[PDB]
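Quick note, the sequences are listed as chains A, B and C, same order. For what it's worth, the UniProt record's numbering labels the leading residue of the first sequence as 835, then goes sequentially. For what it's worth, the UniProt record's numbering labels the leading residue of the second sequence as 746, then goes sequentially. For what it's worth, the UniProt record's numbering labels the leading residue of the third sequence as 464, then goes sequentially. For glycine and all other residues, C-beta sits at the position ideal for the given N, C-alpha and C.
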Amino acid sequence: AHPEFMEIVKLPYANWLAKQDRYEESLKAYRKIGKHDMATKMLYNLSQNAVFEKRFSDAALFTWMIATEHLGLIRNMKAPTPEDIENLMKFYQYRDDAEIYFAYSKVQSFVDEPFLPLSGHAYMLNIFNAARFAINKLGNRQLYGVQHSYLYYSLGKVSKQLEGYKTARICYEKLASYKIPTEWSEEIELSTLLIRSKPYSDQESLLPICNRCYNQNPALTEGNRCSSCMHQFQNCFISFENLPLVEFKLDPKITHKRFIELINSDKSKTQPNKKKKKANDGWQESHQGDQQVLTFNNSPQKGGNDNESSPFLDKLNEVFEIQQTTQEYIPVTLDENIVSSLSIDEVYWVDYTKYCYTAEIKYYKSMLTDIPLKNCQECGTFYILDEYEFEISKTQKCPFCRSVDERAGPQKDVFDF
Amino acid sequence: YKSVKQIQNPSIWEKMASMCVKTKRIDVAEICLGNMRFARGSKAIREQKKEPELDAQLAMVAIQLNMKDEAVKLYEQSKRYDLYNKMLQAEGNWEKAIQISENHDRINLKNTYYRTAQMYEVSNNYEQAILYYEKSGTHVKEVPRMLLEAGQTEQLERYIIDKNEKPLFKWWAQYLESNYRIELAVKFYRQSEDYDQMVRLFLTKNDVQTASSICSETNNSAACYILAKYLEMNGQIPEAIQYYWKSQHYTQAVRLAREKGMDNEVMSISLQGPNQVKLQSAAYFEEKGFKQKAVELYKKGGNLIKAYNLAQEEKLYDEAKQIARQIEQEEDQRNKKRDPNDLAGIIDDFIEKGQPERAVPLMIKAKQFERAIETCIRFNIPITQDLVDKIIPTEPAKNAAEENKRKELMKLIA
Amino acid sequence: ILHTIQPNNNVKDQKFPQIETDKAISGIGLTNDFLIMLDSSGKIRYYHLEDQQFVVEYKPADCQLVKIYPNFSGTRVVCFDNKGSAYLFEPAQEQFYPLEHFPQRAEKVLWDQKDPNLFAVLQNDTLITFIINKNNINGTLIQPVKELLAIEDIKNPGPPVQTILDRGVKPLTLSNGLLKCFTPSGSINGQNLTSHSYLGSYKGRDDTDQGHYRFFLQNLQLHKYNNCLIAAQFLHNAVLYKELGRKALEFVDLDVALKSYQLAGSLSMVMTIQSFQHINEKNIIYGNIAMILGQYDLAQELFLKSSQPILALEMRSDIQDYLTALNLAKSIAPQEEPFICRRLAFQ
Ligand SMILES: [Zn+2]
Ligand SMILES: [Zn+2]
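Here it is, written out as structure tokens:
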């Protein structure tokens, strides 16, 4: 009845919410109000509690909240001030912490529950992928919460169940350099002795292949990066499976949004015209000429697949040669022609306009158009649909963003707030 | 310092630290502890240096030099109880810590319960351990873990019978199948309604009939998914495609049907599928001999700009007018809003609608202090000190005009 | 020669072992999946049954080998060499460990199925018990367990515990602290070693003082730290609490140490114990334990051996030694030169 007084009921309500166990509602109320110093302090305390109580999912959610708060602080100005850069790197580091916490939560849920002697192939494949990804992402930071031994032991067991002889040997040597409780020692030396006689050179068909390179890579390659070049991998968070994605940048002169209309008009005009079209020219060149070469080595494999003759791939190869010449990473910058040859569905740009109106934007392209990818913009997380609909059906809450599903109506009413 | 230098002695050093604690000086206390060469207290100090409250650091020094009641008094004076709660937990009086947390914190009560349960488990009083695990936040995994650590199974049977919980049944059946107790594991899985477990157990012995009956009567997505996974190796492509369609795994079913070359199934399942599978199936039909079905699917598909383009390509007339009307509509919804126009329009329309309370941070970010004050006066927005020193920087003005504007804004706020 | 018991239809004989030497094999050992050969030239060889290949070889093996006894799994092996010498060998590490205080005429060694750490050596009339310790700080410990009746007065080397065996009787094996003693008329006596004998004799229903202390002493000897903590909690003496906490911290038994220190009434150590419990990094924990308990130079050496020398640098800054801290800072991380320098300015 009185739209002019709002806070006077919210602050006692915020205190009452703090009285009960609904601490996240208190956090969101404090964020709406603006006073976030004590809110951030008590959120850090809750994150410490969740880490101690082995609730690594809640810890990851709290670290994500902390990162969002730091990005909201990044909102301050846009001039090149050192506070912006330090807060941006802090946000990236906190996102890495949240992801490593989620991966450790998964591997700990695996290890704590007694393992099935005959477990599902997909389950153990997912466990192996999660352990390998977590080991690659963390490496040596020995951050707060991870003991670094459970991951190696689980990876060794799942590799012994899934060949993976080189990875098994590497993780077994690491665990030998590591300290283990006496329960798992004689087992680890027995497993090492048994695996010493097994054939080497892994088993193929399991190692990830880096995009924009078509080159094989070992499972453990430092901080989650292919050895062939400098390119970040992308993995679905539900399945921890490598994604066929590449990163590209846009020009700072052309505006992306009139650009969308112009590129769509380019696709529309390039089909009935008698001057042919570059997009179909690329497909026809791929269909006509095909080069596919495979070379075998001990750890690596070089896949010479350059059949698809498209301007994007030609420029990508030229940029890769430039990278080899310079031995340093320069992200690709694209002009209007190449995207004019592109389409609408394949782009999977990640936007952070909700938290900060003008901070950055990242653009990604999928090499394989057959596989569908869904990008949750609330958390900016990539998933394969095929398990995404199943996950949404099982629970109406997205795992990482911890928000309501899009299919259901708005649940955040006054009662929820 | 110059008087202390000439003598030096560890007892003298600890006495010096005591005087420093009682006189409320920290840096000289740190110097005295450094002269002590007590690594443990120095490590505690360096860990505790990350606190805005110096009272907590002084209490840390006092408990380092074994002054307990002074530390308690300092904790009470600083309005800090969580550190005092940790100290009271560490010394040993658990019930007092429980009462203090209940009447003051209500945040670490679950942690206190878990720590007391762990201490009881160390004391080997398993009944108290399970009781406090029930009082704790989590009890589904702590009880079975500690109960196998003891190795006494039978009371765990009692507990799972009393609780009658699905996760407990699942875990116990997993333990049973670990020790090759197949039948009781099947019974507990049935009590837990994990149909994937029954399906995998039946396919372990290749008993496809019972698994088929169970998946037919339950009609579960994951059970049908794994049954179709088996059928893939069983040479049962049509039933596998049907089960994959029933399990809502559209991509695998549609790609398999396209690979083996079936016609009615692919669009029949794409009509009920998402947009991406519709586009892929329509492109596959364009690859197929009869492009008319591809044109129809594109017409019913989620992409209509390409549908208009191919309508012009096929130069039909009726569907050309239908897609022309649809493209007129699509141009209208696209003209409804742009992305940068979204930013500008949200800002302006947000101002227009009202809600000045969340508009104030935008004006703070845009430095429009005069507009912010005008809005605050307009809607009676309370002006607190945080707003006052956000609008007016605490730094001195570098320019005379800056100071004049600061004074004008300050008197307007007054 | 090798043979297969179950099949007789196969007409292919097993691949004959040995090399051009073709002499009698000094030591033969069967495990579940491995075969251990020791030749008179002083060389040890490992053979995989399925692959029929020499996976592990060791030629030098001191001067000369005489007798061998492998573990039931094969990860451990003990070797008896000339002049009555003894060694412990690990295929995983491929390095020998000399053994001390062993009799020169003991003919057999019996492993323990319950605990691989414990094993026994049978002299013609006496039985000795040995243990392998890997959780010890900066040391892989092998020591004949002693017997002691003093009230924590002395911790020094002494006579080893000896179990008296009857004449003309051979125990079959040792397991669960029980030895399968064989005596005429087909009699099997479980008996017990006179180390675990007092452990099994203790009841603790009404509890005692001298017997309780002896039980605590033998538990400390055998590292049964749960019995140690219960024996501590019966007797509220603070000095015993401190000694047990120090001993538990020495053998990286963190939970027992924290419980003992909490029962003692000390907190400044328990916060550090929890902080150490968080970390799993291995050289980090070992150096932290060395710093928290005793000397500081060895903790510094462990920290340099780790991947975080900055921890050693800050520890030396804590020690406030100009020469060591400044030289180490210049050696490893010269980007922290200013701050420490300021400290010495105060000095
Ligand atoms: Zn690459
Ligand atoms: Zn999401």
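- For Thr1159/A, the three-state secondary structure derived from DSSP is helix.
- DSSP places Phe1035/B in the coil class of the three-state scheme, outside both helix and strand.
- DSSP, reduced to helix, strand and coil, places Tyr560/C within a strand of the structure shown.
- Any heavy atom of ligand 2 counts here; residues with a Cβ closer than 6 Å to one of them, in chain order, are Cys1210/A, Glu1212/A, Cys1213/A, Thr1215/A, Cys1232/A, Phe1234/A and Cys1235/A.
- The closest heavy atom of ligand 1 lies 7 Å or more from the beta carbon of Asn1114/A.
- Nearest CB-CB separation between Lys940/A and chain C: not below the 8 Å threshold.
- The alpha-carbon of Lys886/B is positioned some 28 Å away from that of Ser1025/A.
- Against chain C, the CB of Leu1024/A has a partner CB under 8 Å away; the residue lies at that interface.
- 8 Å or more divides the Cβ of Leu877/A from the Cβ of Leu851/A.
- About 24 Å separates the CB atoms of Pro623/C and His675/C; that is not less than 8 Å, and the two are not in contact.
- Chain-ordered, the residues whose CB falls short of 5 Å from any heavy atom of ligand 1 come out as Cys1044/A, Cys1047/A, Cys1060/A, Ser1062/A, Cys1063/A and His1065/A.
- Per DSSP, reduced to three states, the secondary structure at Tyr1217/A is strand.
- Neighbours of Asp781/C in chain B, taken as residues whose beta carbon is under 9 Å from its own, are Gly779, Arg782, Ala784, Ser787, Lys788 and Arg791 in chain order.
- Beta-bridge analysis with DSSP links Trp916/B to no other residue.
- In the DSSP assignment, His849/B forms no beta bridge with any residue.
- Contact check for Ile605/C against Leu662/C fails: the beta carbons are separated by 8 Å or more.
- A residue is called buried when at least 16 other Cβ atoms come within 10 angstroms of its Cβ; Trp1117/A does not meet this threshold and is exposed.
- In this structure, the CA atom of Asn1151/A is about 14 Å from the CA atom of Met1064/A.
- At a cut-off of 8 Å between C-beta atoms, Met732/C counts as an interface residue with respect to chain B.
- Secondary structure of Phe1093/A (DSSP, three-state): helix.
- Taking one beta carbon from each stretch, the region 883-898 of chain B and the region 914-928 of chain A have fewer than 3 pairs nearer than 8 Å; the two do not touch.
- For the pair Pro1206/A and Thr996/B, the CB atoms are nearer than the 8 Å cut-off.
- Boundaries of the beta strand (DSSP E) harbouring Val572/C: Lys571 to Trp574, taken from the DSSP string.
- If you draw a straight line from the Cα of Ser1177/A to the Cα of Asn1098/A, it comes to about 7 Å.
- The alpha-carbon separation between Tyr1217/A and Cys1070/A amounts to approximately 5 Å.
- Between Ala835/B and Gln740/C, the C-beta gap is not smaller than 8 Å, which leaves the two residues out of contact.
- Taking 4 residues as the shortest admissible run, the region 1021-1068 of chain B contains the following complete alpha helix (DSSP H) segments, listed from N- to C-terminal end: 1036-1045 and 1050-1059.
- By the Cβ test, the region 1014-1028 of chain A is not in contact with the region 1042-1061 of chain A, since fewer than three Cβ pairs between them sit closer than 8 Å.
- Within the model, the alpha-carbon separation for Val888/B versus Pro647/C is close to 50 Å.
- Near chain C, meaning a CB-to-CB distance below 7 Å, the residues of the region 818-846 of chain B are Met832, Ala835, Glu836 and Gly837.
- Secondary structure of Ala835/A (DSSP, three-state): coil.
- Beta-bridge analysis with DSSP links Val584/C to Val572/C and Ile591/C.
- By the 16-neighbour rule on beta-carbons within 10 angstroms, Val1133/B is exposed.
- Secondary structure of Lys1143/B (DSSP, three-state): coil.
- Within the same chain, and ignoring the five residues on either side of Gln793/B in sequence, the residues whose Cβ sits closer than 8 Å to its Cβ are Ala801, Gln802 and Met805.
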